[PDB]
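Dumped start-v8.txt below, it's compact mmCIF, C-alpha atoms and all ligand atoms:
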```
# COMPACT_ATOMS: atom_id res chain seq x y z
CA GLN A 1 123.18 232.42 4.09
CA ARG A 2 125.97 230.24 2.66
CA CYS A 3 124.98 227.49 0.28
CA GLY A 4 126.27 224.13 -0.97
CA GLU A 5 128.69 222.41 1.39
CA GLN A 6 129.37 225.70 3.21
CA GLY A 7 125.64 226.09 3.82
CA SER A 8 124.52 222.55 4.69
CA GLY A 9 123.14 221.70 1.26
CA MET A 10 121.12 224.98 1.17
CA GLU A 11 119.73 226.24 -2.13
CA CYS A 12 119.56 229.81 -3.43
CA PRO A 13 116.12 231.32 -4.26
CA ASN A 14 115.04 231.71 -7.90
CA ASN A 15 117.52 229.13 -9.24
CA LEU A 16 120.42 231.46 -8.27
CA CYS A 17 123.77 229.71 -8.69
CA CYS A 18 125.73 228.64 -5.65
CA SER A 19 129.41 229.41 -6.25
CA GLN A 20 132.06 226.84 -5.44
CA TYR A 21 132.78 228.89 -2.30
CA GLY A 22 129.18 228.83 -1.14
CA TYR A 23 127.59 232.16 -2.00
CA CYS A 24 124.47 232.96 -3.98
CA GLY A 25 124.52 234.95 -7.18
CA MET A 26 124.29 235.01 -10.93
CA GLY A 27 127.05 235.45 -13.48
CA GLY A 28 130.18 233.48 -14.29
CA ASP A 29 131.49 233.94 -10.76
CA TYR A 30 128.70 231.80 -9.39
CA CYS A 31 127.16 229.89 -12.30
CA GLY A 32 130.44 228.84 -13.87
CA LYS A 33 133.38 226.80 -12.49
CA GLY A 34 132.58 224.94 -9.29
CA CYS A 35 128.84 225.71 -9.34
CA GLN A 36 127.11 223.71 -6.55
CA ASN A 37 123.37 224.19 -7.31
CA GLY A 38 120.98 226.46 -9.19
CA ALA A 39 121.08 227.47 -12.85
CA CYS A 40 124.67 226.19 -13.22
CA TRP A 41 126.01 226.93 -16.70
CA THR A 42 127.66 223.59 -16.21
CA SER A 43 124.71 221.08 -15.95
CA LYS A 44 124.53 218.55 -13.13
CA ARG A 45 124.28 214.80 -13.79
CA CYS A 46 121.61 212.65 -12.23
CA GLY A 47 119.72 209.36 -12.04
CA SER A 48 120.63 206.23 -13.99
CA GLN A 49 123.78 207.80 -15.46
CA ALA A 50 124.89 209.28 -12.11
CA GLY A 51 124.52 206.59 -9.45
CA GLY A 52 120.88 207.41 -8.86
CA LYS A 53 121.63 210.95 -7.58
CA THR A 54 118.79 213.40 -7.92
CA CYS A 55 118.75 216.95 -9.23
CA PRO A 56 118.94 219.81 -6.78
CA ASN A 57 116.46 222.77 -6.77
CA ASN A 58 113.68 220.36 -7.90
CA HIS A 59 115.01 220.31 -11.50
CA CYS A 60 114.02 217.50 -13.86
CA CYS A 61 116.48 214.83 -14.77
CA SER A 62 116.45 214.22 -18.49
CA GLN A 63 116.51 210.81 -20.07
CA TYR A 64 120.20 211.61 -20.62
CA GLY A 65 121.00 212.14 -16.93
CA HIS A 66 121.35 215.93 -17.07
CA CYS A 67 119.57 218.41 -14.88
CA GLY A 68 117.26 221.13 -16.09
CA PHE A 69 113.85 222.37 -17.25
CA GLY A 70 111.90 222.56 -20.55
CA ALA A 71 110.36 219.88 -22.81
CA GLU A 72 113.76 218.27 -23.16
CA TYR A 73 114.29 217.65 -19.48
CA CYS A 74 110.79 217.30 -18.06
CA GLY A 75 109.28 215.67 -21.13
CA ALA A 76 109.75 212.09 -22.34
CA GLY A 77 112.52 210.15 -20.62
CA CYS A 78 112.48 212.32 -17.45
CA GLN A 79 113.94 210.30 -14.59
CA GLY A 80 113.28 212.77 -11.76
CA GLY A 81 111.88 216.14 -10.65
CA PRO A 82 108.48 217.66 -11.70
CA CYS A 83 108.22 215.35 -14.71
CA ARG A 84 105.29 215.95 -16.99
CA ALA A 85 104.41 212.27 -16.60
CA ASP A 86 102.66 211.10 -13.45
CA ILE A 87 104.89 209.38 -10.96
CA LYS A 88 103.44 206.21 -9.50
CA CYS A 89 104.01 205.06 -5.93
CA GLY A 90 102.68 203.30 -2.85
CA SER A 91 101.11 199.84 -2.68
CA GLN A 92 99.93 200.51 -6.21
CA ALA A 93 103.58 200.56 -7.32
CA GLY A 94 105.40 197.93 -5.28
CA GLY A 95 105.29 200.00 -2.10
CA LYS A 96 107.49 202.70 -3.67
CA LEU A 97 108.40 206.06 -2.12
CA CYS A 98 108.15 209.41 -3.85
CA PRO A 99 111.41 211.15 -4.68
CA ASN A 100 112.82 214.20 -2.82
CA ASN A 101 110.22 213.83 0.00
CA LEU A 102 107.18 214.02 -2.28
CA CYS A 103 103.89 212.75 -0.85
CA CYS A 104 102.19 209.75 -2.30
CA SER A 105 98.44 210.17 -2.69
CA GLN A 106 96.03 207.36 -1.82
CA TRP A 107 95.63 206.95 -5.58
CA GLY A 108 99.32 206.07 -6.02
CA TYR A 109 100.92 209.24 -7.46
CA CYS A 110 103.58 211.73 -6.40
CA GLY A 111 102.95 215.35 -5.48
CA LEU A 112 102.60 218.15 -2.94
CA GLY A 113 99.58 220.04 -1.62
CA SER A 114 96.41 218.89 0.16
CA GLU A 115 95.52 216.33 -2.53
CA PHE A 116 98.73 214.40 -2.12
CA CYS A 117 99.90 214.99 1.43
CA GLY A 118 96.45 215.18 2.88
CA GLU A 119 94.36 212.18 3.82
CA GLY A 120 95.33 208.83 2.30
CA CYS A 121 98.94 209.92 1.93
CA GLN A 122 101.22 206.86 1.83
CA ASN A 123 104.64 208.44 2.17
CA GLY A 124 106.60 211.65 1.91
CA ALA A 125 105.87 214.97 3.61
CA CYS A 126 102.32 213.81 4.54
CA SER A 127 100.67 216.48 6.70
CA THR A 128 98.34 214.00 8.46
CA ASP A 129 100.81 213.61 11.35
CA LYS A 130 99.99 210.00 12.23
CA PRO A 131 101.48 208.97 15.61
CA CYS A 132 104.26 206.38 15.83
CA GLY A 133 105.91 204.22 18.52
CA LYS A 134 105.19 202.92 22.00
CA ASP A 135 101.62 204.19 21.80
CA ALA A 136 101.01 203.59 18.09
CA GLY A 137 101.07 199.82 18.56
CA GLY A 138 104.75 200.01 17.67
CA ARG A 139 104.15 201.96 14.42
CA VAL A 140 107.25 203.17 12.55
CA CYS A 141 107.41 206.20 10.29
CA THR A 142 107.68 206.21 6.50
CA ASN A 143 110.79 207.48 4.70
CA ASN A 144 112.99 206.44 7.62
CA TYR A 145 111.82 209.67 9.34
CA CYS A 146 112.59 209.85 13.03
CA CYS A 147 109.82 208.95 15.50
CA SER A 148 110.28 211.38 18.42
CA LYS A 149 109.71 211.02 22.15
CA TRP A 150 106.21 212.51 21.79
CA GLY A 151 105.62 209.94 19.06
CA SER A 152 105.71 212.12 15.95
CA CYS A 153 107.63 211.58 12.74
CA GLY A 154 110.13 214.20 11.63
CA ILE A 155 113.73 215.14 10.81
CA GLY A 156 115.86 217.47 12.90
CA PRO A 157 117.60 217.07 16.29
CA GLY A 158 114.23 217.49 18.04
CA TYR A 159 112.90 214.30 16.43
CA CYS A 160 116.15 212.34 15.97
CA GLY A 161 117.83 213.06 19.31
CA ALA A 162 117.70 211.15 22.58
CA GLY A 163 114.35 209.47 22.95
CA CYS A 164 114.16 208.88 19.22
CA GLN A 165 111.91 205.83 19.16
CA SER A 166 112.79 204.66 15.65
CA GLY A 167 113.98 205.74 12.26
CA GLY A 168 117.05 207.80 11.52
CA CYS A 169 117.85 208.47 15.15
CA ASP A 170 121.00 210.39 15.85
CA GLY A 171 120.53 208.89 19.30
CA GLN B 1 122.87 227.23 7.54
CA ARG B 2 119.66 229.27 7.98
CA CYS B 3 116.76 229.22 5.59
CA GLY B 4 113.85 231.54 4.86
CA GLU B 5 114.13 235.06 6.24
CA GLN B 6 116.89 234.16 8.74
CA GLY B 7 119.01 232.83 5.89
CA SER B 8 118.26 235.43 3.23
CA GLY B 9 115.53 233.71 1.14
CA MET B 10 117.60 230.51 1.18
CA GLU B 11 115.77 227.20 0.77
CA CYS B 12 116.28 223.69 2.10
CA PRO B 13 117.38 220.70 0.02
CA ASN B 14 114.89 217.89 -0.74
CA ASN B 15 111.78 219.99 -0.07
CA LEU B 16 112.58 220.16 3.63
CA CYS B 17 110.42 222.60 5.57
CA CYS B 18 111.91 225.87 6.60
CA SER B 19 110.67 226.59 10.07
CA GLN B 20 109.53 229.93 11.38
CA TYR B 21 112.93 230.06 13.12
CA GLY B 22 115.02 229.61 9.98
CA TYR B 23 116.03 225.97 10.32
CA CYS B 24 115.43 222.97 7.96
CA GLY B 25 113.61 219.81 9.00
CA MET B 26 110.44 217.80 8.49
CA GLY B 27 107.54 217.39 10.86
CA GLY B 28 105.01 219.77 12.41
CA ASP B 29 107.65 221.80 14.18
CA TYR B 30 109.00 222.59 10.75
CA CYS B 31 106.15 222.13 8.24
CA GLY B 32 103.31 223.43 10.45
CA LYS B 33 102.64 227.07 11.45
CA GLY B 34 105.27 229.55 10.38
CA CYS B 35 106.82 227.43 7.61
CA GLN B 36 108.44 229.89 5.19
CA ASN B 37 109.21 227.43 2.38
CA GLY B 38 109.65 223.78 1.41
CA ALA B 39 106.86 221.20 1.64
CA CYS B 40 104.71 223.23 4.11
CA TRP B 41 101.52 221.55 5.23
CA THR B 42 99.41 224.60 4.44
CA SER B 43 100.63 225.37 0.98
CA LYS B 44 102.05 228.75 -0.03
CA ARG B 45 99.91 231.08 -2.15
CA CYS B 46 100.93 232.40 -5.55
CA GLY B 47 99.93 233.92 -8.84
CA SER B 48 97.16 236.42 -9.42
CA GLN B 49 95.70 235.28 -6.10
CA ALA B 50 98.69 236.46 -4.10
CA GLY B 51 99.71 239.59 -6.02
CA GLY B 52 101.72 237.74 -8.68
CA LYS B 53 103.88 235.77 -6.19
CA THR B 54 106.11 232.92 -7.41
CA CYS B 55 106.46 229.56 -5.57
CA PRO B 56 109.60 228.71 -3.57
CA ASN B 57 111.59 225.57 -4.41
CA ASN B 58 110.41 225.78 -8.03
CA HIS B 59 106.97 224.47 -7.04
CA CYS B 60 104.04 224.87 -9.47
CA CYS B 61 101.32 227.45 -8.90
CA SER B 62 98.01 225.86 -9.78
CA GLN B 63 95.19 227.73 -11.43
CA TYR B 64 93.86 228.58 -7.96
CA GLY B 65 97.04 230.17 -6.62
CA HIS B 66 98.40 227.44 -4.28
CA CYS B 67 101.89 225.97 -4.47
CA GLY B 68 102.58 222.25 -5.04
CA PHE B 69 103.39 219.29 -7.36
CA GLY B 70 101.24 216.88 -9.37
CA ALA B 71 98.57 216.99 -12.10
CA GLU B 72 96.44 219.47 -10.18
CA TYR B 73 99.36 221.83 -9.76
CA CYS B 74 101.54 221.65 -12.87
CA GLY B 75 98.72 220.36 -15.05
CA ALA B 76 95.98 222.46 -16.64
CA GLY B 77 95.70 226.01 -15.30
CA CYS B 78 99.29 226.22 -13.99
CA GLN B 79 100.34 229.82 -13.42
CA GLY B 80 103.99 229.42 -12.50
CA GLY B 81 106.92 227.08 -11.97
CA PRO B 82 107.66 223.89 -14.03
CA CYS B 83 104.18 223.61 -15.59
CA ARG B 84 103.33 220.75 -17.91
CA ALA B 85 102.63 223.24 -20.71
CA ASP B 86 105.45 225.09 -22.45
CA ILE B 87 106.10 228.62 -21.19
CA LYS B 88 106.49 231.06 -24.09
CA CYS B 89 108.77 234.09 -23.96
CA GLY B 90 111.16 236.38 -25.74
CA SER B 91 110.59 238.26 -28.97
CA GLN B 92 107.97 235.68 -29.82
CA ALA B 93 105.95 236.50 -26.71
CA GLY B 94 106.44 240.25 -26.62
CA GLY B 95 109.98 240.29 -25.34
CA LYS B 96 108.48 238.59 -22.28
CA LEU B 97 111.14 237.26 -19.89
CA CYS B 98 111.17 233.88 -18.16
CA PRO B 99 110.22 233.49 -14.52
CA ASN B 100 112.73 232.39 -11.82
CA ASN B 101 115.70 233.30 -13.93
CA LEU B 102 114.82 230.59 -16.42
CA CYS B 103 116.44 230.80 -19.83
CA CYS B 104 114.39 231.88 -22.80
CA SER B 105 115.38 229.71 -25.76
CA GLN B 106 116.11 230.85 -29.27
CA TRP B 107 112.65 229.40 -29.98
CA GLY B 108 110.53 231.11 -27.36
CA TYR B 109 110.23 228.62 -24.54
CA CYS B 110 111.70 228.69 -21.04
CA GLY B 111 113.99 226.12 -19.55
CA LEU B 112 117.38 225.31 -18.05
CA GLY B 113 120.13 223.36 -19.70
CA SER B 114 122.33 223.96 -22.74
CA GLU B 115 119.19 224.05 -24.94
CA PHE B 116 117.67 227.18 -23.49
CA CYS B 117 120.76 228.78 -21.96
CA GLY B 118 123.22 228.38 -24.79
CA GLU B 119 123.39 229.79 -28.27
CA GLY B 120 120.35 231.96 -28.94
CA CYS B 121 119.43 232.44 -25.29
CA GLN B 122 117.21 235.55 -24.97
CA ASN B 123 116.94 236.32 -21.26
CA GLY B 124 117.47 234.56 -17.98
CA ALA B 125 120.53 232.61 -16.86
CA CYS B 126 122.26 232.18 -20.25
CA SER B 127 125.67 230.45 -19.99
CA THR B 128 126.85 232.68 -22.79
CA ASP B 129 128.33 235.87 -21.39
CA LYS B 130 127.56 238.56 -23.97
CA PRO B 131 129.76 241.49 -22.90
CA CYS B 132 127.96 244.63 -21.69
CA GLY B 133 128.84 248.29 -21.06
CA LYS B 134 131.41 250.56 -22.66
CA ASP B 135 133.34 247.73 -24.30
CA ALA B 136 130.16 246.32 -25.78
CA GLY B 137 128.58 249.33 -27.43
CA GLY B 138 127.03 250.21 -24.06
CA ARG B 139 124.86 247.10 -24.16
CA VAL B 140 122.66 246.40 -21.19
CA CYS B 141 121.91 243.01 -19.57
CA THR B 142 118.50 241.31 -19.38
CA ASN B 143 116.39 240.88 -16.26
CA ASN B 144 117.90 244.02 -14.66
CA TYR B 145 121.13 242.05 -14.05
CA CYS B 146 124.15 244.14 -13.05
CA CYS B 147 126.60 245.04 -15.76
CA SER B 148 129.90 244.87 -13.94
CA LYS B 149 133.15 246.79 -14.00
CA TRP B 150 134.94 244.30 -16.24
CA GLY B 151 131.84 244.25 -18.44
CA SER B 152 129.82 241.19 -17.45
CA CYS B 153 126.27 240.48 -16.29
CA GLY B 154 125.62 238.85 -12.93
CA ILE B 155 124.14 239.22 -9.45
CA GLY B 156 126.07 239.53 -6.21
CA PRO B 157 128.53 242.01 -4.64
CA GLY B 158 131.24 241.72 -7.27
CA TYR B 159 128.82 242.52 -10.10
CA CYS B 160 126.52 245.08 -8.46
CA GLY B 161 129.06 246.93 -6.34
CA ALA B 162 131.70 249.50 -7.24
CA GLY B 163 132.02 249.64 -11.00
CA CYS B 164 128.46 248.69 -11.82
CA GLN B 165 127.87 250.13 -15.32
CA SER B 166 124.07 249.57 -15.24
CA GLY B 167 121.36 247.24 -14.02
CA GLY B 168 120.42 246.45 -10.43
CA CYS B 169 123.40 248.40 -9.23
CA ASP B 170 123.55 249.40 -5.60
CA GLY B 171 127.10 250.76 -5.40
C1 LIG C 201 118.18 217.04 -22.58
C2 LIG C 201 119.61 216.74 -22.16
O1 LIG C 201 119.86 216.03 -21.19
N1 LIG C 201 120.56 217.32 -22.89
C3 LIG C 201 121.95 217.09 -22.57
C4 LIG C 201 122.67 216.43 -23.75
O2 LIG C 201 122.11 215.18 -23.97
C5 LIG C 201 123.02 214.09 -24.23
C6 LIG C 201 122.59 213.33 -25.48
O3 LIG C 201 122.43 214.30 -26.52
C7 LIG C 201 121.78 213.77 -27.67
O4 LIG C 201 121.75 214.78 -28.62
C8 LIG C 201 120.97 215.96 -28.32
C9 LIG C 201 121.90 217.19 -28.28
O5 LIG C 201 122.66 217.19 -27.08
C10 LIG C 201 121.09 218.49 -28.35
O6 LIG C 201 121.97 219.61 -28.40
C11 LIG C 201 120.19 218.42 -29.59
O7 LIG C 201 119.51 219.62 -29.74
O8 LIG C 201 119.23 217.38 -29.39
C12 LIG C 201 119.85 216.07 -29.38
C13 LIG C 201 118.75 215.06 -29.11
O9 LIG C 201 119.20 213.74 -29.37
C14 LIG C 201 122.56 212.58 -28.24
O10 LIG C 201 121.71 211.86 -29.14
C15 LIG C 201 123.07 211.59 -27.20
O11 LIG C 201 124.14 210.84 -27.78
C16 LIG C 201 123.58 212.26 -25.93
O12 LIG C 201 124.86 212.83 -26.16
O13 LIG C 201 124.07 216.24 -23.43
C17 LIG C 201 124.75 217.50 -23.13
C18 LIG C 201 126.22 217.20 -22.84
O14 LIG C 201 126.76 216.24 -23.75
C19 LIG C 201 124.08 218.16 -21.92
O15 LIG C 201 124.72 219.39 -21.67
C20 LIG C 201 122.60 218.40 -22.17
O16 LIG C 201 121.98 218.87 -20.98
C1 LIG C 202 95.38 222.57 -7.03
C2 LIG C 202 95.02 223.55 -5.93
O1 LIG C 202 95.37 224.72 -5.98
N1 LIG C 202 94.38 223.03 -4.89
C3 LIG C 202 93.92 223.86 -3.79
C4 LIG C 202 92.39 223.98 -3.92
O2 LIG C 202 92.07 224.67 -5.09
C5 LIG C 202 90.70 225.09 -5.28
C6 LIG C 202 89.87 223.90 -5.67
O3 LIG C 202 89.73 223.10 -4.48
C7 LIG C 202 89.08 221.86 -4.74
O4 LIG C 202 89.16 221.04 -3.60
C8 LIG C 202 90.31 220.16 -3.47
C9 LIG C 202 90.48 219.75 -1.99
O5 LIG C 202 90.81 220.85 -1.16
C10 LIG C 202 91.61 218.71 -1.94
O6 LIG C 202 92.01 218.41 -0.61
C11 LIG C 202 91.06 217.49 -2.67
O7 LIG C 202 91.90 216.39 -2.50
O8 LIG C 202 91.00 217.78 -4.07
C12 LIG C 202 90.14 218.91 -4.42
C13 LIG C 202 90.46 219.21 -5.90
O9 LIG C 202 91.72 219.86 -6.09
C14 LIG C 202 87.63 222.12 -5.18
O10 LIG C 202 86.94 220.88 -5.38
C15 LIG C 202 87.67 222.96 -6.49
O11 LIG C 202 86.36 223.29 -6.94
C16 LIG C 202 88.49 224.24 -6.30
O12 LIG C 202 87.78 225.16 -5.50
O13 LIG C 202 91.84 224.73 -2.82
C17 LIG C 202 92.14 224.13 -1.54
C18 LIG C 202 91.37 224.92 -0.49
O14 LIG C 202 89.97 224.89 -0.78
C19 LIG C 202 93.66 224.10 -1.33
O15 LIG C 202 93.98 223.57 -0.05
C20 LIG C 202 94.27 223.24 -2.42
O16 LIG C 202 95.67 223.13 -2.23
```

Structure re-expressed in structure tokens:
Amino acid sequence: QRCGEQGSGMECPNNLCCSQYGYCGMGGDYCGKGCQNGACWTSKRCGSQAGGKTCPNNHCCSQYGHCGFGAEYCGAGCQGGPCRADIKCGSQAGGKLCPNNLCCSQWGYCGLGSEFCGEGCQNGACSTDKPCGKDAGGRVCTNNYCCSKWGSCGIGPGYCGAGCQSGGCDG
Amino acid sequence: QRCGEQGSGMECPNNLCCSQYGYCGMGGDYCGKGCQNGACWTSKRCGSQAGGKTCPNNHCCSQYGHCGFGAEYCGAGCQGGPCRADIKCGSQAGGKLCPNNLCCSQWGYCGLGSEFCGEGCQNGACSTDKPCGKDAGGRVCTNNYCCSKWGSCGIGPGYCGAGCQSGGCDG
């Protein structure tokens, strides 16, 4: 239920602002001073102008490095988030990965749903579930995901714990 | 640190899958059966198809009522979320309010950032706190937000509890 640092990076539903103390709400108490994520009155920096950091809550990063929605943020110059432009990736783009765990279609563009994560998916939250490791001819996961003992890619102690074949192993 | 139901409608950062058990991670144990939000393998339903339902994590609802990202989703047809087309609202669109607490600009389009939430903001998460209640001519807030004791609009205990002048007051 807590959010921000007090909630492990958690986000509030419906763009609700996460107060500096880690609770979800709307109003100055949450959206004002110390706002962690959500519709912060005080807009979060991103991309080029902010060390490459991405926007939380899947907001778009304007050409100016500010987080939000609308033509201004998602239109021309958008550096991140659901940009109105099509985001290239995969072999077709220097082997690039999609941002914020987006899947890369076989056609070389970023997205989510069966058309992007389905078959041909190059990276991101692909739902194909290709095996990795000892039995996959030594295959390693994409996105530094952890290859578990059963030889599946994922993130969470069950994938990254002891017996973590490769990737972001805790162990 | 719980997501979905077990964490009060809370969502994971970076489109991480909220498991049936309320924990964030990626993989089948998270993104497969039971997934409550995030980049679930079997995409969430929305729109007119699912009773008017919005998409979690600010995903787009395609014309067919499935949640995701990419041309197919946010492109033509888009029913909700950060569509490619501009979302009209306010007095221009029949006093229509923006979805997901988005701000309705002075011009009749939804968004987040100083441009939609500042001067002229019509509904949604405006950063401007127009006073409500007794000391405001008995003005009421937009979106059924709670007019608080001290005379401010917001959501959360402080605003909707004891001294809630109007709105989504509980007590
Ligand atoms: C979309 C976006 O990221 N807006 C930022 C804003 O952008 C910084 C640049 O602003 C340009 O001027 C904007 C101005 O801010 C708007 O109010 C106006 O309506 O449109 C013009 C378009 O150019 C300047 O040209 C440029 O020098 C930058 O300053 O910055 C503010 C904070 O400064 C931010 O809150 C907002 O999200
Ligand atoms: C954008 C969207 O909502 N996609 C839905 C899809 O929507 C109905 C249409 O499905 C098309 O089929 C998909 C196919 O399932 C994808 O895997 C493939 O890569 O692309 C096509 C085109 O989007 C039909 O061709 C079209 O006529 C519509 O009926 O429905 C599917 C379930 O059928 C859903 O999984 C997908 O997320």

Hey, can I get the axis-aligned box for ligand LIG 201 (chain C)? All listed atoms, 5 Å padding on each side, centre and edge lengths in Å to one decimal, as JSON.
```
{"center_x": 122.5, "center_y": 215.2, "center_z": -25.4, "size_x": 18.6, "size_y": 18.8, "size_z": 18.8}
```

Can you check which parts of chain A lie within 8 Å of ligand LIG 201 (chain C)? Per residue, the shortest pair of atoms and distance in Å to one decimal, counting all atoms listed in the file, sorted by chain and number, as a tab-separated table.
```
residue	atom	partner	partner_atom	distance
A:42	CA	C:LIG201	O15	7.5
A:43	CA	C:LIG201	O15	6.0
A:61	CA	C:LIG201	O1	7.4
A:62	CA	C:LIG201	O1	4.7
A:63	CA	C:LIG201	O1	6.3
A:64	CA	C:LIG201	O1	4.5
A:65	CA	C:LIG201	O1	5.9
A:66	CA	C:LIG201	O1	4.4
A:67	CA	C:LIG201	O16	6.6
A:68	CA	C:LIG201	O16	7.2
A:72	CA	C:LIG201	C1	4.6
A:73	CA	C:LIG201	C1	5.0
```

Chain B contacts on chain A, all atoms listed in the file, 6 Å, as a VMD selection string | chain A and resid 1 7 to 14 25 to 27 41 68 to 70 84 100 111 to 113 127 154 to 156

Selection: 8 Å around residue B:106, all atoms listed in the file, excl. self and same-chain fewer than 4 positions, as a VMD selection string | chain B and resid 116 119 to 122

Of the candidates B:95, B:53, B:20, B:78, which one gets nearest to ligand LIG 202 (chain C) if we count all atoms listed in the file?
->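 Counting all atoms listed in the file, the residue closest to ligand LIG 202 (chain C) is B:78.
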
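Interatomic distance, atom CA of residue B:151 against atom CA of residue B:136: 7.8 Å.
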
Tell me, in Å to one decimal, how far atom CA of residue A:108 is from atom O2 of ligand LIG 202 (chain C).
->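 Between atom CA of residue A:108 and atom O2 of ligand LIG 202 (chain C) the gap is 20.0 Å.
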
With only C-alpha atoms and all ligand atoms as the basis for distance, which of A:144, A:48, A:107, A:132 is at the shortest distance from ligand LIG 202 (chain C)?
->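 Among the listed residues, the smallest separation from ligand LIG 202 (chain C) belongs to A:107.
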
Record the distance separating atom CA of residue B:88 and atom CA of residue A:46, expressed in Å with one decimal.
->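 Between these atoms lies a distance of 26.6 Å.
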
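Considering only C-alpha atoms and all ligand atoms, the residue among B:34, B:168, B:51, B:77 positioned nearest to ligand LIG 202 (chain C) is B:77.
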